[PDB]
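For this one, two forms of the same chain are given in structure tokens, first as structure 1 and then as structure 2.
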Structure 1
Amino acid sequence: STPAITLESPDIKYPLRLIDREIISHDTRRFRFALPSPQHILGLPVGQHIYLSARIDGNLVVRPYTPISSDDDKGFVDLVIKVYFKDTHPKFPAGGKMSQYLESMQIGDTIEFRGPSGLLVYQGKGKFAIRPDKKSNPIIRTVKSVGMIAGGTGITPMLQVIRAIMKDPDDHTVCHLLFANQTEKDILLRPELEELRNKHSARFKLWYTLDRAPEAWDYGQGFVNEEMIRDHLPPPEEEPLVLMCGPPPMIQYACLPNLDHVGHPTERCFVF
């Protein structure tokens, strides 16, 4: 109520105006959108995301994104987007629908936001409120540590939580992040993650892994396995929560079964 929220109902689409573009690398962008007034906030609880929706080439396309801005930000929302260009991966000649749609927007164009959405909310100081499904009440579990597995753009739901914890000097939850990508080129938001690690090392552990690592590389190599789970996530005996977001293949065949191997109950594993 104090600051006016933009996402007043989840059943409503809000056309937000694109006000700024930023080329980060060849295929990664930051887009900024104007909230309805400069004193609005988004209205997005930690742990949840929004959907963009648009009519692209005659079809309705809906996709989830987690902003890198937060409810402290007045007047705007920022998204970091990986663009899947056509005519690039000869085996995905068409590219990605939504990300190329965003790449093509001009300053002034609008796009429809809706939310908040998602089964998990972070309540602070270790309190996670997790719905078994969209229609049931949340179960509330209090952890002292959170393990996090992210592939590609899956980092933006981790970062939102990481930040939410580090802002709060009274939040002593320890976050352990294992970040998987294809090539060093593809470590999205590396400077942000490393600045946070520089300041908050006692509450933030960070480790990468790469499918095709360069010759000078100090971190993991290959897919997520038993050993990386043991070495870079809190142990199952600490009763940690474990969060996952990334390409469905990695989550389903690389993460979940090995999490089961090591001993993390599936009740303490959550996929965004």
Structure 2
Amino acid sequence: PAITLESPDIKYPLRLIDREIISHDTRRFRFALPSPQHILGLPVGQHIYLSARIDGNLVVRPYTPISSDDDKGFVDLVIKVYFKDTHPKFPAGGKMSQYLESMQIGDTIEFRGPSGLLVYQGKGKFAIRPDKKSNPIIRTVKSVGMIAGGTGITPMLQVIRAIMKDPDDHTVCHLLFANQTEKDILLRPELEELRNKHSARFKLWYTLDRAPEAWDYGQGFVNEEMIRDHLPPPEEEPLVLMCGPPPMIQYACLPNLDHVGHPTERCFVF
């Protein structure tokens, strides 16, 4: 159809048309593409760049839509709002996130894309560029390991959806979704729906820093056992995809990946 993100260098103002309070911090923000038949123009695996001049300082932060290029007229972004005066070190909270919460209906925010090193080309085929200028290295995988932390499910979900939507895409997605509390399990219905509908291909497990009284899943930070039991066996040569808070990736993921047997080259951070 009509691509909204025609140029990666042009910022495209889109209007906010709906907001869904996914959780206390994270909200699903729907934006209106230029035409009701216009598409976003986002290859699976890539992300967009929201740009706005907040506090006199142009702040450009990146977000991965939960919408699919199949969806027309709208762009759904599950964005967590780091609230002000809710963190001891950060009384100013998030910058773009708080602007987005403040955004009323019909306010405009600029979009830029596509941007990203990973593109899913279908049926195991992941085009991962080592650098933005270097050419993408293409590797077909039978399983995809995925470690998502909080708002880092949106890049995973994009991939999960694409694979499950193609019945000839036999790649098997293993997801490890790490959040602080049960209330913080974003897109949990969608995810559980995906698993029920495509169990053979989608394997789902959660970990919560502070779990509820009844947690049939896992507790604590990301650990080696959960990477071992709830991600693909390293022998299957899978692709471990990771999005989470930089600390979580550095201290909980990358270390415990080595322990299980996953190589750095078979692993990618969104």
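By convention here, residues take numbers in order along the sequence of structure 1, the first being 1. For clarity, a rigid core is taken as the largest C-alpha set superposing within 1.5 Å between two forms.
For the residues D72, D87, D133, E195, superposed on the rigid core between the two structures, a C-alpha shift of 2 angstroms or more shows up only at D87. In the core-superposed comparison between the two structures, the C-alpha atom of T209 has shifted by less than 2 angstroms. Relative to the superposed core, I12 undergoes a Cα shift smaller than 2 Å between the two structures. The Cα position of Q48 differs by less than 2 Å between the two structures after fitting on the rigid core.
Its Cα shifted by 2.1 Å, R21 is compared between the two structures on a rigid core fit. Lined up on the core, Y219 has its CA atom moved by 1.0 Å between the two structures.
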